[PDB]
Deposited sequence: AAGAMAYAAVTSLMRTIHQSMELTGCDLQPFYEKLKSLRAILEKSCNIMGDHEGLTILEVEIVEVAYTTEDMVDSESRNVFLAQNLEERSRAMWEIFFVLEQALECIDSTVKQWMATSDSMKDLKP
C-alpha cells in the first residue's frame, strides 16, 4: 500500500499546486483523494493506482502550464476543462481500484 499511498499523496500535492496557480476549484478532488488514501492505509492493483496517479500528475502539471500561458478566454477554458476532465477520469479509476482492493482485502 506504500507505493499507492505515496503516489496519491503526490497527486494531492500536485492538485494543490494547480489550485494555487490556476485558482480552479479542485478541492473536491483533493478531498476525495485524501479519503481514498485514508481507506488504503493486490500488487497489480497497486501498480494500477501508481501509474494512473503519476500519469494524471503529468497531465495536470502540463495543463496548468497551459493555463499560465493562456493568451485568451478560450485557451484558458480549454485548459481548465482539461484539468477537470483528467481529474474526474483519474478519480473514477482510483475509486474503482480501491474498492476492488477492499474486495481482495476480504478474500
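- Residues 1 to 2, 44 to 54, 121 to 126 of the deposited sequence, counted from 1, carry no C-alpha coordinates in the model.
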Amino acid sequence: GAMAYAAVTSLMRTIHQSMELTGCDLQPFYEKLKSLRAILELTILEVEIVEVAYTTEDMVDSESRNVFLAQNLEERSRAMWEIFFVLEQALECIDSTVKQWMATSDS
From here on, numbers count along this sequence of modelled residues.
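- Among the modelled residues of its chain, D61 has a C-alpha B-factor that falls in the lowest third, as given in the PDB entry.
- Ranked by C-alpha B-factor against the other modelled residues of its chain, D25 falls in the highest third.
- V98 sits in the middle third of its chain by CA B factor, as recorded in the PDB entry.
- Ranked by Cα temperature factor within the chain, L45 sits in the highest third according to the deposited record.
- For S77, the recorded CA temperature factor ranks within the middle third of the chain's modelled residues.
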